[PDB]
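Asker: Have a peek at entry-v2.txt (compact mmCIF, C-alpha atoms).
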```txt
# COMPACT_ATOMS: atom_id res chain seq x y z
CA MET R 1 126.09 162.83 40.21
CA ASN R 2 127.28 159.25 40.27
CA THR R 3 130.75 160.29 41.38
CA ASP R 4 134.09 159.03 42.89
CA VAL R 5 132.61 156.84 45.61
CA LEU R 6 130.25 154.72 43.69
CA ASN R 7 130.94 154.96 40.02
CA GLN R 8 134.55 154.11 39.81
CA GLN R 9 134.18 152.04 42.94
CA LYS R 10 130.88 150.10 42.64
CA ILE R 11 130.68 150.54 38.92
CA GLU R 12 134.12 149.60 37.92
CA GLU R 13 133.90 146.59 40.27
CA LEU R 14 130.29 145.52 39.46
CA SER R 15 130.82 146.33 35.88
CA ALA R 16 134.21 144.60 35.35
CA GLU R 17 133.73 140.94 34.17
CA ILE R 18 130.09 141.61 34.66
CA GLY R 19 128.61 145.02 33.59
CA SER R 20 131.34 145.72 31.04
CA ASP R 21 129.10 143.41 29.03
CA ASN R 22 125.78 143.95 30.79
CA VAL R 23 125.55 147.67 31.70
CA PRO R 24 126.07 149.08 28.09
CA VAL R 25 123.32 146.72 27.07
CA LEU R 26 121.00 148.01 29.84
CA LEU R 27 122.06 151.68 30.01
CA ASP R 28 121.79 152.32 26.29
CA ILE R 29 118.39 150.59 26.01
CA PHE R 30 116.74 152.03 29.08
CA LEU R 31 117.63 155.32 27.80
CA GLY R 32 116.91 154.85 24.11
CA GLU R 33 113.59 152.99 24.46
CA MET R 34 112.31 154.86 27.46
CA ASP R 35 113.14 158.05 25.68
CA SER R 36 111.53 156.62 22.58
CA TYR R 37 108.19 156.53 24.09
CA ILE R 38 108.64 159.82 25.48
CA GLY R 39 109.27 161.14 22.08
CA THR R 40 106.20 159.37 20.80
CA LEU R 41 103.96 158.76 23.81
CA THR R 42 104.56 162.24 25.11
CA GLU R 43 103.39 163.53 21.81
CA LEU R 44 100.49 161.09 22.30
CA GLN R 45 99.82 161.02 26.08
CA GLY R 46 101.16 161.33 29.61
CA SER R 47 103.40 158.43 29.03
CA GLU R 48 106.40 160.51 30.12
CA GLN R 49 104.45 160.48 33.49
CA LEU R 50 104.79 156.68 33.28
CA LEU R 51 108.43 157.23 32.32
CA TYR R 52 109.24 157.99 35.88
CA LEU R 53 107.97 155.04 37.78
CA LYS R 54 109.05 152.56 35.31
CA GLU R 55 112.62 153.56 34.78
CA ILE R 56 113.73 154.32 38.20
CA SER R 57 112.14 151.00 39.30
CA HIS R 58 113.01 149.24 36.08
CA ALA R 59 116.47 150.23 35.03
CA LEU R 60 117.77 152.53 37.71
CA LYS R 61 116.62 150.21 40.34
CA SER R 62 118.24 147.45 38.31
CA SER R 63 121.47 148.91 37.18
CA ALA R 64 121.86 151.33 40.01
CA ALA R 65 121.24 148.62 42.62
CA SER R 66 124.32 147.04 41.09
CA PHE R 67 126.29 149.89 39.45
CA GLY R 68 125.31 152.77 41.76
CA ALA R 69 124.29 150.94 44.86
CA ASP R 70 125.18 154.09 46.72
CA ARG R 71 123.46 157.56 46.41
CA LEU R 72 121.72 157.46 43.04
CA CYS R 73 120.08 154.24 44.08
CA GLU R 74 118.07 155.56 47.00
CA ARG R 75 118.92 159.21 47.08
CA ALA R 76 117.30 159.51 43.72
CA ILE R 77 114.39 157.24 44.20
CA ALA R 78 113.31 158.55 47.58
CA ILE R 79 115.06 161.87 47.79
CA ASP R 80 113.57 162.98 44.54
CA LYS R 81 110.14 161.71 44.77
CA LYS R 82 109.54 163.69 47.92
CA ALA R 83 110.89 167.14 47.21
CA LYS R 84 113.17 166.90 44.50
CA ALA R 85 110.22 165.85 42.32
CA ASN R 86 107.60 168.05 43.96
CA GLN R 87 109.59 170.94 45.11
CA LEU R 88 110.71 171.41 41.54
CA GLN R 89 107.15 171.42 40.20
CA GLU R 90 103.83 171.22 42.07
CA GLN R 91 102.47 169.45 38.96
CA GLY R 92 104.14 166.22 39.92
CA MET R 93 107.53 165.83 38.25
CA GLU R 94 105.58 166.17 35.00
CA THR R 95 108.50 167.34 33.00
CA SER R 96 111.41 168.83 34.75
CA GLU R 97 112.30 165.98 36.94
CA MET R 98 111.49 163.02 34.70
CA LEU R 99 113.12 164.34 31.43
CA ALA R 100 116.07 165.57 33.46
CA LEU R 101 116.92 161.88 33.98
CA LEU R 102 118.30 161.64 30.50
CA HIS R 103 120.44 164.80 30.54
CA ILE R 104 121.77 163.80 33.96
CA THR R 105 122.24 160.15 33.19
CA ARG R 106 123.92 160.56 29.84
CA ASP R 107 126.10 163.35 31.11
CA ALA R 108 127.19 161.51 34.22
CA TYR R 109 127.15 157.87 33.03
CA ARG R 110 128.90 158.52 29.82
CA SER R 111 131.77 159.93 31.91
CA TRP R 112 132.45 156.71 34.03
CA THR R 113 129.81 154.14 33.01
CA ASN R 114 130.46 153.74 29.23
```
Mind turning this structure into structure tokens?
Answerer:
Amino acid sequence: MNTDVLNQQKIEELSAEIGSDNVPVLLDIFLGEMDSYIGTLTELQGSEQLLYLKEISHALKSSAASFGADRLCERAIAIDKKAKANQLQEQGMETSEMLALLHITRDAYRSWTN
């Protein structure tokens, strides 16, 4: 997870006078809206498939480059894509990696990242 190395370090410091205002704004939206479309566009298409490239480049690459500029930043983006995303499922992270983002992010972030 985003643990005692980056979260309370890089998060509490990059948050602070900065992300204490900006990260709740980002975190809550990238989750709510991304997830929105995965409620609706998953029940309409392979949007959830989109869900992946967008968020981790969009919001995780945004907020994690600042507020998790440690593991989750690259270890997720690269270290997932390759085997974490395909060694889970041959299908191409078509569910169990992508949706996992929310359970992992809200579990972890809501513990040290508002």
Asker: Find, counting only C-alpha atoms, the residue in R:38, R:29, R:78, R:70 that gets nearest to residue 58 of chain R.
Answerer: R:29
Asker: Might you pull out every residue within 12 Å of residue 68 of chain R, with all atoms listed in the file counted and same-chain residues fewer than 5 positions away left off, and present them as a VMD selection string?
Answerer: chain R and resid 1 to 15 19 23 59 to 63 73 to 76 105 108 to 109 112 to 113
Asker: Write the selection just made, keeping C-alpha atoms, as a PDB file, keeping the file's coordinate frame?
Answerer:
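And here's selection-v8.pdb as it stands now:
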```pdb
ATOM      1  CA  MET R   1     126.090 162.830  40.210  1.00  0.00           C
ATOM      2  CA  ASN R   2     127.280 159.250  40.270  1.00  0.00           C
ATOM      3  CA  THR R   3     130.750 160.290  41.380  1.00  0.00           C
ATOM      4  CA  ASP R   4     134.090 159.030  42.890  1.00  0.00           C
ATOM      5  CA  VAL R   5     132.610 156.840  45.610  1.00  0.00           C
ATOM      6  CA  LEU R   6     130.250 154.720  43.690  1.00  0.00           C
ATOM      7  CA  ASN R   7     130.940 154.960  40.020  1.00  0.00           C
ATOM      8  CA  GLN R   8     134.550 154.110  39.810  1.00  0.00           C
ATOM      9  CA  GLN R   9     134.180 152.040  42.940  1.00  0.00           C
ATOM     10  CA  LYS R  10     130.880 150.100  42.640  1.00  0.00           C
ATOM     11  CA  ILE R  11     130.680 150.540  38.920  1.00  0.00           C
ATOM     12  CA  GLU R  12     134.120 149.600  37.920  1.00  0.00           C
ATOM     13  CA  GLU R  13     133.900 146.590  40.270  1.00  0.00           C
ATOM     14  CA  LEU R  14     130.290 145.520  39.460  1.00  0.00           C
ATOM     15  CA  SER R  15     130.820 146.330  35.880  1.00  0.00           C
ATOM     16  CA  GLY R  19     128.610 145.020  33.590  1.00  0.00           C
ATOM     17  CA  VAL R  23     125.550 147.670  31.700  1.00  0.00           C
ATOM     18  CA  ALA R  59     116.470 150.230  35.030  1.00  0.00           C
ATOM     19  CA  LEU R  60     117.770 152.530  37.710  1.00  0.00           C
ATOM     20  CA  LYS R  61     116.620 150.210  40.340  1.00  0.00           C
ATOM     21  CA  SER R  62     118.240 147.450  38.310  1.00  0.00           C
ATOM     22  CA  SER R  63     121.470 148.910  37.180  1.00  0.00           C
ATOM     23  CA  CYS R  73     120.080 154.240  44.080  1.00  0.00           C
ATOM     24  CA  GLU R  74     118.070 155.560  47.000  1.00  0.00           C
ATOM     25  CA  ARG R  75     118.920 159.210  47.080  1.00  0.00           C
ATOM     26  CA  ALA R  76     117.300 159.510  43.720  1.00  0.00           C
ATOM     27  CA  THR R 105     122.240 160.150  33.190  1.00  0.00           C
ATOM     28  CA  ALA R 108     127.190 161.510  34.220  1.00  0.00           C
ATOM     29  CA  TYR R 109     127.150 157.870  33.030  1.00  0.00           C
ATOM     30  CA  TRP R 112     132.450 156.710  34.030  1.00  0.00           C
ATOM     31  CA  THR R 113     129.810 154.140  33.010  1.00  0.00           C
TER      32      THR R 113
END
```
Asker: Between atom CA of residue 53 of chain R and atom CA of residue 18 of chain R, what distance in Å does the model show, to one decimal?
Answerer: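 Going from atom CA of residue 53 of chain R over to atom CA of residue 18 of chain R covers 26.1 Å.
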